[PDB]
Amino acid sequence: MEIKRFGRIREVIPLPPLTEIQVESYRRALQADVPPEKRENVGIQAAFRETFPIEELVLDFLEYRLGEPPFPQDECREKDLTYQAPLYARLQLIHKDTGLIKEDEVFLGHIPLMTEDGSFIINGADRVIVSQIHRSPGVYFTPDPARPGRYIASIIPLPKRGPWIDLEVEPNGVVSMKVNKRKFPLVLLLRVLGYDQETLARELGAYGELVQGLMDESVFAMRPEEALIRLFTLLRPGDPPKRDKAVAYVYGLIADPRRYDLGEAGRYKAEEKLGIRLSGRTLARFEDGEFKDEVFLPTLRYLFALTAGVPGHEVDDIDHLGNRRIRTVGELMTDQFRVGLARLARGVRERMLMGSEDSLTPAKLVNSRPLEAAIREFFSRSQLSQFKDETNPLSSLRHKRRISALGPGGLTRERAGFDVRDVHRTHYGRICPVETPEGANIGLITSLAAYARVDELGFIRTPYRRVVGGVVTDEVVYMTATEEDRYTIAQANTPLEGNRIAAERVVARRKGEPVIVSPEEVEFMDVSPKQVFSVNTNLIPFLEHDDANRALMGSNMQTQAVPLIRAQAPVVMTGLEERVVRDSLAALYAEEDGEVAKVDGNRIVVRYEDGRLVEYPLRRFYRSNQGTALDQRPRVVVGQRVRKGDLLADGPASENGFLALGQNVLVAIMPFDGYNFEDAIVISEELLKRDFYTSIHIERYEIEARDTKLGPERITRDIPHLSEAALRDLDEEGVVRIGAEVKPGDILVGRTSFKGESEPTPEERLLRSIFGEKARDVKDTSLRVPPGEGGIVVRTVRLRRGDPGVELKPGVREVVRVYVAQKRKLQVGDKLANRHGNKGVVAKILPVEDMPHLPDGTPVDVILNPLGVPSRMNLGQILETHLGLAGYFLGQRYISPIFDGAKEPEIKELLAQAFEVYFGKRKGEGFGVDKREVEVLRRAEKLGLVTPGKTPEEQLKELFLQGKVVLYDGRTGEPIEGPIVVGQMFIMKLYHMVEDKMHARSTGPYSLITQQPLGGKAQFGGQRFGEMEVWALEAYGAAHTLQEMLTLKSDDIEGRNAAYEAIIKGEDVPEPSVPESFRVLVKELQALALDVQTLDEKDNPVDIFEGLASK
Amino acid sequence: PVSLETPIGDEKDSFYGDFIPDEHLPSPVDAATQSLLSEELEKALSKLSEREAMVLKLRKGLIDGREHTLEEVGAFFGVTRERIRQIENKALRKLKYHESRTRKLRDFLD
Amino acid sequence: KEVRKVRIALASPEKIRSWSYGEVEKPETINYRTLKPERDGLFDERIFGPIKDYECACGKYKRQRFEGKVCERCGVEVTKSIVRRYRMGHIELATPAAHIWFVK
Amino acid sequence: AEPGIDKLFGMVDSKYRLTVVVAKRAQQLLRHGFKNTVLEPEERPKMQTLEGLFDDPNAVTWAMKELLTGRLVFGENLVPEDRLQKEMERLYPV
Amino acid sequence: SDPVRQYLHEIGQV
Amino acid sequence: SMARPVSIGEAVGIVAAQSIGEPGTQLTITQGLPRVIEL
Amino acid sequence: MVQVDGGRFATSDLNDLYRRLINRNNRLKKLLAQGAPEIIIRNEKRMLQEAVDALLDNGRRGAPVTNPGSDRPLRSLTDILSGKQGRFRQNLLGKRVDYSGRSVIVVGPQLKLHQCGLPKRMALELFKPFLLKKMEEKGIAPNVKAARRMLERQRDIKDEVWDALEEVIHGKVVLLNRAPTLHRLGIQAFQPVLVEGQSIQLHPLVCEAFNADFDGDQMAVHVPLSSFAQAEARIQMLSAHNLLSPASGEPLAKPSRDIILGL
Amino acid sequence: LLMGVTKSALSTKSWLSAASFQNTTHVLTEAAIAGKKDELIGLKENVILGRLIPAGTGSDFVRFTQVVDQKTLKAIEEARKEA
Amino acid sequence: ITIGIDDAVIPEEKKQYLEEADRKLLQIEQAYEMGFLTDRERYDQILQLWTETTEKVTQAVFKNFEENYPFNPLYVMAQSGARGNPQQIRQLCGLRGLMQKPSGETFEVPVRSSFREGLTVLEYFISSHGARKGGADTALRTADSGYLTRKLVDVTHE
DNA sequence: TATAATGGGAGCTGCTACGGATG
DNA sequence: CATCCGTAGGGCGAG
RNA sequence: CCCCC
Ligand SMILES: [Mg+2]
Ligand SMILES: [Zn+2]
């Protein structure tokens, strides 16, 4: 079909590699493809190079290397393995006394490898390392909140790489330095650095009254050695002030590059702020036996100049994106690698003392367990390592572009006020102002802008076009916020004739401030509107017509869209839906030009120009992290000529290379018998008939048979006391057969466990005697389908002990996995949503004859209530509906770019072209205007919609240009008394489905200590009746219902047992007893040496333990 | 061993031990089932004579908790051990017949 | 009788010893091979009660016909296992220690 | 809304006393098998089965209707508890 | 407040 | 809730607390919920 | 100290704190019997005091004792008692309960004010013992055990048990609750109407008191068991009996949205 | 004396209520020193004890109300007259 | 009752009020550069002018609705109380209005566009500040409200 | 069961606030 | 005036 | 924690 794209803005550059923030970060971190001699002291190299040489025998580092993965990605996902590469390090042990050298390549374990799409495979599960925003290291100057005319100087290094140092001018006049919560006069530390009164007087004397506050005679009287011992006594009281100890401590605190590490970004920020040059990333140096200052004097000078009001000195905006930086995958992984390496170095140093001081190899000295433990900890249990969201390809694409202010080394939720969550003016082009979580995490979790990229220092940069004179060049410069604040940047929609600015006055920004400016003052220009928003926000057509609060929900809900079996791209697109499928490697493309040799459901074989025959296997019905089916379908035919970059196979939720998160449905905006009341949605049974909004979901079940002290657990078809009807679909070994239908209660894998030793009750003795049948040795422990689940068995995986290639955890004989899939039709309670924030649950599925329909008999698909529009202020869905009606009758789709798209007159023109097809067809078929159409036109000209006196066709066209049509009620046949908006809308089926969330419980499992029901549907738990529910029951005065909640329905053991027996016997429920959690409270208070005594009216003790706890 | 207080999620809101059921204490269903078993057993034993039901109750432990030997039940009813063995066998015969007739105690065979 | 009041008060060492069914003299928990509780440990059945209802540890007495009996061989009282939620132990300190609640 | 809920609230000084009366009367009806009812055969609450009309098993509905009739007497200290229970068991045995 | 520092100080008095 | 004299036994303090707390999330030139808590 | 599903062992931190205490106490006794100097005895006594403090209120004084290879403070008795997760607020002033369920809500315009749409399977589970008794009264099952064994498998469920469940719930009401429960009308009593499908159907007029809408809200259902609780729910907690706000005295269940629009 | 809601709630006579509110250690130490007895007057105490709260159907005002049918009432009356 | 994009009716008075506000802003800037009023007074006068212009365009929207389209869907839903309030209808049909910086200080330039016309990326980014601030306000206010409710329950429960 | 060996080692909880007590 | 301790919404599904 | 209300 035809695809019409609007807009006159020409983007000189395409979108960057959308997952480059992960890929390039990890590639720079590993440096695997760089030959070892040619590497850069960064990442793993920098970590090795910081840890070594280990001095004490001397162990030094030569180079490292990474091997090939022992198993591919698919095998890792299959066998619960980590996709990783082996790491080796060539170390030479040197005896500086002997000159002896013993060199060896030691194995340091494995390091996880990043896949092509920017994710990891950890223990079989796909995971994403979310980038972390934080304060950039350096030297900042903030206003002192207590004293207005004074300031605080803050020296900040990298996280975990040293303390924060605070320089302040106290009220008494002396300058204080704050380190590790201790304060002291900065003059003492300056004297340790070798400064004398002459130097400080000549250096800082230009700022009048502060240098005298710096002067302290007793400190200048003593030489730097006495000053060093004095400072050590100040910082470490009680520690005997041995001079070497003081040297070591002060060096490790300030001058040690191993213990104090300003950032490379920190070093650059310090050099740029103070106007100096750093020889390293420490605040001072230990050179020629003494201490030499680096940072302290420039910072003190800047502080004094700022307090005196010296020009050219400013305070620092700490939320400015020039002072806030991103730590990506490489940096975090390298930090944990460095920690593990330091622990390994401690182990090495301890080994260099014990044992034989002569016979030692690098292999005997190195224990790699700390490093492996640190890396495994980071990748498994860190907060920034998250379970990959692969609901649809866009889910993971967005997940990899996430930016978190939380996590280790960052904010807690209470430490986040309004300042951090706020949208800063420097977020422009770097951080999306729209896409952020709704609720407690608002402002903390954000998303990277579309055109944004993180530089090597960690600062987000955005592109701008150079403007010389009045001519806009095609050269683009990626700027940080700090450099961006220098220029006057025009907007991207400023009129142009050729490369020349065609407007007498342009809209521009100066330090984020909007301004009207002459074309001579234009230094740069925005690349595109797309650069201001995230990838999810850029997929919302008519975004300029949507309120931000609802566009946020649209962006966040596109993530939750479920891949449909008949998924299709929207009729109104933004132009990004192809590139998103491209960069999210779900779809398959051709490497070079060539011809398709073979097309199958499982594979595609292509013969290229090179003559080489390349076979691409297709992923078919694979289960994602969230249960959605990831499967690739071929889109080419045998013998088809393809070019470089042509589509070969469609991934999940994609249609011919375009992003397909939902379906285009014919929607009518009108109330309907209260079934769309308060955002609820009414749909047509025709949607289920033609399998719209039908999705495939797979669930994975697992069971282990293990060795017990009572005997082996066995996976077998022989299960005690079970009929052949129960064992029908099980094979010889006890596993359910592939293709069988399983419902709640059915057996997936049969298993027997040896009965725990127990004496049969006398009742069981008599029963056994009456029936004369021996009680079996084993008990039925078979895995069964949980309530509400089931489907078709599509796969079975079995792993035993003693078969080639597999080894389980200790004690486990065998493990079986059963994959069950299900085709889910849309039903009442499932959740739908569009890209504009309109979301609702399906409340009614009407038959087709009850649906409102067009005059030509076409019924609508979805009925949306108009009451959801005015308060929400999201008009983009309305324009989408109008343009979708136009494209429904013209048989075409559209690309309406963001902030530069189809405007009202063009939509009116397309609607006129569509009305021609919609009405002249009827007029040629031999049909005139309908009577009910005439009545609706009467009521419409009463509404002022059509001009009185025109022909019925002219008035119907006037209504059609307003996007409104005559609609017939299928129940009566009479029309709706007014013209109604009808058109094509793109609606998605979200991951929240009633089938997953419906749950109920009569009785079930209870907790160990509290004896209260467990929680969760997966544990068959009960609903929590919290404090506020108890408050509700109290305010109602319902005492017996509340007591049932507190006793019979939970943790009153005798009470609940007697209640169940009485209800199954038809008797009324008994009087409740003491809750067991109260006895737990009493005993835990006794363990705290407090005597809690329940008394009667006579103040006599009452035993709620019933003599069981008293001797 | 691993701590019951091992956190689940990076919220402080849940523990590992909260997901661990109690397999020791009988569920309400199991206690109800055992009670119904005892009651159906007494209903079936009432269809015998007092003496031949008492023989079975004494031999299978429902009374006093111990399983008396044939000599002990015979000496309690004063009879010969073969005598008491015979009345026990005929009581079991009547029980099996009533069971094949009413099909009451079958569901408790699990 | 019906509970009408609840009193809370400090506990003398005498009252703490009157609660205790025995002294936990060992840091042991359960045996590494048998998985049964270690004698004089934190889970000892001689102190806190039987693991199984009306059944001693060694299994000499295994039914309610003995209740209140303490097995001479293994030293476990035959009662309901529920008592393991109720019966307290105690540790006799070699030196008095301050209750931190009344200090901090 | 429960039928005649306004008149039932009118009978009492406290709504919770109405609740107590209804609950205790339903307990009486359940314990004595509805044969202690003050209702007449045509006043008996009915329930529609697949077979047809049967007696309403819900004792609370029975009690509220009985209370609406006015043939029930409620109050405090009307009769010792044991004497009431025993005369009820004499008039309507288990 | 630090038991190890206190014990080391006590050790250093002999 | 019934436009009539309150019944003896009505938990009135709980109703007061709930009535004061329920609109708390709606309190926004104005001091608002900080002022309410200050009082 | 319990064995979990996979045979692994899980234990409380109180056991480790008690072990610390007992080890230090026995070592103090042995040092006293062997005539140790006063420095050693003093160190041991101070460690014993620290261990008792750790057992009673860990982290109260000094650094909190942690398990090896972990920064997680061990959970002492004070930690068990106090806090949002403490015994009082978590297990005494509120509990997880039996005979309760939860599901997504859907607008039920055809409902009367005193009614709510309840899914069939939710009702079968919530009223399960009543349903067993009714299946025993009718000839559907020989006894309660057979009725439960029959309900266990979903394919063994015939259509007479649905009629029996209709008979069971006759006249009774359930409690619907939506979090957050800001006022007493966050819980309301409704007569249930059994419905096919997995969604709870809520009356429109009560959506304002619950602050409920249908963009994905879920609600919990509870079954008052006794005749007393059922009477309390039907009289005091019924939705149709609470039409005015206890705060302002104004109408709370009143026309809104589409109703106001049409009128 | 005027004290805020927090201090007033912490100062209540019931130690179960105050200890379940906040500052559990302080409340419990002072209550254990004083040998305090909680009379179970309020709602939180009986909720903790799993008791029937003194409100609504649990109020002593309406709790003991009896119901009796006229047939049984008069049979009881004649039985009490003949004694 | 339905909602098309034409049901958000821009009053003819909007352009008049906007040109009047522009001439007034020019007068204020001229009276500033001649040094008659401070930067403070000029900023305050700009804010007040735009506030009054916003009120004027709101009244114009609703008067045009009342007189020429009394059965307009937005107007019907607002007047009946079914949905919407005057300020949201103003944002739909009039102007978006003044937006505030993260500091709470208000921008000199207002958002002249309405959601029917569509904003500019700059105006959208300017509004995002207030949107985020309101979100954080609600998120941090729910906890205080719940804490206060629990305090009141604990103090009044008996 | 014997060469001699003689004072630890992390490096935060790091971007909040507010008030009720005790010093 | 400092310093220590103490609170800081609820329910909910997965992993 | 992440998501939903
Ligand atoms: Mg909602
Ligand atoms: Zn024994």
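Check the entry above for the structure.
Residues numbered from 1 in each chain as written, not as in the entry; some residues may be left out. Chains lettered and ligands numbered in written order. Part of a larger assembly, values for the part shown. Heavy atoms only, no water.

Draft legend 1. Layout of the overall build of chain G. The helix and strand inventory of chain G stands at 10 helices and nine strands. The C-alpha radius of gyration of chain G comes to 28 Å, more than 25% above the 18 Å expected for a compact globule of 263 residues. Principal axes of the C-alpha set define a box for chain G whose edges measure 90 × 55 × 35 Å. By residue count, 63% of the 263 residues in chain G fall in the buried class. (Helix = DSSP H or I, 4+ residues; strand = E, 2+ residues; numbered from the N terminus. Rg over C-alpha atoms; globule rule 2.2 N^0.38 Å. Buried < 20%, exposed > 50% of the residue type's maximum accessible area, 1.4 Å probe, protein only.)

Draft legend 2. Spatial organisation of the protein's contact with RNA strand L. Lining the immediate surroundings of RNA strand L are 16 residues, of which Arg413(A), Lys839(A), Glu11(B), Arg178(G) and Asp217(G) lie closest. Of all RNA strand L atoms lying within 4 Å of any protein atom, the proportion belonging to sugar or phosphate reaches 82%. Side-chain polar atom of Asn441(A) to a phosphate oxygen of RNA strand L: 2.9 Å apart, as the coordinates give it. (Near = heavy atom within 4 Å. Polar contact = N/O pair within 3.5 Å; in protein donor to acceptor, adjacent residues only side chain to side chain.)

Draft legend 3. Looking closely at the coordination of the magnesium ion (ligand 1). All names here are of chain G. Binding of the magnesium ion (ligand 1) to the protein goes through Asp-213 (OD), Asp-215 (OD) and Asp-217 (OD), at separations of 1.9 to 2.5 Å. Each donor residue of the magnesium ion (ligand 1) belongs to the same chain, and together they define the spacing D-x1-D-x1-D. This pair shows no difference in class: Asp-213 is buried, exactly as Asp-215 is. (Donors = N, O, S within 2.8 Å, 3.2 Å for Na, K, Ca; no water.)

Draft legend 4. Up close: the packing of helix α2 (residues 39–68) of chain I against helix α4 (residues 86–93) of chain I. All names here are of chain I. As a packed pair, α2 and α4 sit with axes 9 Å apart at the nearest point and diverge in direction by 90°. Looking at the two axes, α2 sits roughly perpendicular to α4. Contacts between α2 and α4 involve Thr-54, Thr-58, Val-61, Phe-62 and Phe-65 from the former and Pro-86, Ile-89, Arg-90 and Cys-93 from the latter. Split by residue class, the contact of α2 with α4 holds six nonpolar, two polar and one charged. (Axes fitted to C-alpha atoms, helices over the stretch in contact; angles between N-to-C directions. Parallel < 35°, antiparallel > 145°, perpendicular 65-115°, else oblique. Contact = heavy atoms within 4.5 Å. Nonpolar A, V, L, I, M, F, W, Y, C, P; charged D, E, K, R; others polar.)

Draft legend 5. Region of interest: the pattern of salt bridges. All names here are of chain A. On inspection of all chains with the given rule, the structure shows 169 salt bridges over all chains. Its salt-bridge partner being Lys-825, residue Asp-691 comes within 2.8 Å of it at the nearest N-O pair. Taken together, the positions of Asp-691 in the loop between α20 (685–689) and β42 (695–706) and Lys-825 in the loop between β49 (812–824) and β50 (831–833) put the pair 134 residues apart, joining distant regions of the chain. (Salt bridge = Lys/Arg side-chain N within 4 Å of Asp/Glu carboxyl O.)

Draft legend 6. Local environment of the coordination of the zinc ion (ligand 2). Residue and element names in this part refer to chain C. Binding of the zinc ion (ligand 2) to the protein goes through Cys-56 (SG), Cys-58 (SG), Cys-71 (SG) and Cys-74 (SG), at separations of 2.3 Å. Of note is the zinc ion (ligand 2), whose four donor atoms meet at the metal with angles of 108 to 112° in an arrangement that counts as tetrahedral. Counting gaps between the donor residues of the zinc ion (ligand 2) yields the pattern C-x1-C-x12-C-x2-C. With a gap of 18 residues between them, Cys-56 in the loop between α2 (45–48) and β3 (88–90) and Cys-74 in the loop between α2 and β3 connect regions that are remote in the sequence. Of the two residues, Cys-56 and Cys-74, neither departs from the other in class, the shared state being buried. (Tetrahedral: all angles 85-135°; square planar, octahedral: opposite > 155°, others 65-115°.)

Draft legend 7. Geometry of the sheet that holds strand β2 (residues 58–66) of chain A. Residues and elements named next belong to chain A. Pairing is antiparallel in the open sheet, where three strands are placed in the order β2-β3-β4. Two strands bound the open sheet, and with one partner strand each, they are β2 and β4 (101–112). In this sheet, neighbouring strand axes are inclined to one another by 25° on average, regardless of whether the strands run parallel or antiparallel. Pairing geometry for β2 and strand β3 (residues 84–94), over eight bridges, is antiparallel. The residue bridging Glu-63 from the neighbouring strand is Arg-90, located in β3. (Pairing = 2+ DSSP bridges.)

Draft legend 8. Quick look at the interface of chain A and chain G. Taken together, the contact between chain A and chain G spans 88 residues of the former and 84 residues of the latter. Counting the surface lost from both chain A and chain G, the interface buries some 7700 Å², and carbon and sulfur atoms represent 58% of this. When residues of chain A are sorted by the area they lose upon contact with chain G, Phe677(A), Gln1023(A) and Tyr1036(A) head the list and together hold 11% of the total. Inspection of the region where chain A meets chain G yields six salt bridges. Here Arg153(G) and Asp746(A) are joined by a salt bridge, their closest N and O atoms 3.3 Å apart. Run the count over chain A and chain G and you get 41 residue pairs in polar contact. Contributions of two or more residues to the side of chain A that touches chain G are made by β51 (839–846), α26 (994–997), β56 (999–1001), β57 (1024–1025), α27 (1027–1036), α28 (1039–1046), α29 (1053–1064) and α30 (1076–1087) of chain A. (Buried area = accessible area lost by both parts, 1.4 Å probe.)

Draft legend 9. Molecular detail of the pairing of strand β13 (residues 284–287) of chain A. Residue and element names in this part refer to chain A. Relative to strand β14 (residues 290–293), β13 is paired through four bridges, and the arrangement is antiparallel. By the bridge assignment for β14, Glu-287 is matched with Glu-290. Linking two consecutive strands that pair antiparallel, namely β13 and β14, is a turn of two residues; a positive phi of about 55° is found at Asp-288 within it.

Draft legend 10. Representation of the arrangement of the chains. When the 22 pairs of chains in contact are compared, the highest contact count belongs to chains A and G. In this assembly chain E lies apart from chain H, the nearest approach of their C-alpha atoms being 22 Å. The two units chain C and chain I are non-contacting; their minimal C-alpha-C-alpha distance is 16 Å.

Draft legend 11. Highlighting the pairing of strand β9 (residues 218–222) of chain G. Residue and element names in this part refer to chain G. Among the five residues that make up β9, four are buried, leaving the element largely enclosed by the rest of the structure. Strand direction decides the pairing type here: strand β4 (residues 100–107) and β9, joined by five bridges, are antiparallel. Note on β9: the bridge partner recorded for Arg-102 is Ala-220. Summarising the sheet, strand β6 (residues 174–177) and β9 pair through three bridges and their orientation is antiparallel.

Draft legend 12. Layout of a positive patch on the surface. Together, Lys43(B), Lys47(B), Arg101(B) and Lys104(B) make up a region of like positive charge exposed at the surface. Structurally, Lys47(B) is set in the loop between α1 (28–45) and α2 (50–60). (Patch = residues over 30% accessible without salt bridge, like charges linked within 9 Å, V, L, I, M, F, W, Y side chains within 5 Å. Areas by Shrake-Rupley, 256 points an atom, 1.4 Å probe, with all protein chains shown as cover. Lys, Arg positive; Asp, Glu negative; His and termini not counted. Charge placed at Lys NZ, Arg CZ, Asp CG, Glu CD.)

No statement about biological role is implied by the geometric values presented.
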